[PDB]
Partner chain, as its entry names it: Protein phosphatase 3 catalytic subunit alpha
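The chain below stands alone and is given in structure tokens; this is the form solved without its partner chain.
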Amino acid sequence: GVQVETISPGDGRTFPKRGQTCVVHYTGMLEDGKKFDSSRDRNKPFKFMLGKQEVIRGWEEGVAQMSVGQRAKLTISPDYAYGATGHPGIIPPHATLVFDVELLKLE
């Protein structure tokens, strides 16, 4: 599944709804700490619409539990991420992924 561990609290009131665009900053790592990507390195938040099926299930389920302003670590099991396929060249098969995600804004 997806485990959400808070790094910094959000407002505890404004939670993303299906159809809303979440603007997030993230660092994705494997369990050993190995960073595979970060929007913080790009200095450009990543946007996705909740419910559009355009990010992995662990993000849909994990970011919907976060309130605006919250920074959290999302540990996502393979079946909530890329399962057996992995992602060609970047994520191996059956990889648990760890994301540091900051929910910046909802548009």
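Numbering follows the first chain given and starts at 1.
- Taking only CA atoms, the mean B-factor in the PDB entry is higher for 83-91 than for the other of 83-91 and 9-17.
- When the mean C-alpha temperature factors of 25-33 and 51-59 are read from the deposited coordinates, 51-59 comes out higher.
- When the modelled residues of the chain are ordered by C-alpha B-factor, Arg42 sits in the middle third.
- Annotation for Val101: C-alpha temperature factor in the lowest third relative to the rest of the modelled chain, per the entry.
Missing here is the form solved in complex with its partner chain; even so, the following discussion is about that form.
- Residue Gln53 is the only member of 49-68 with a non-hydrogen atom no more than 4.5 angstroms from its partner chain in the bound PDB entry.
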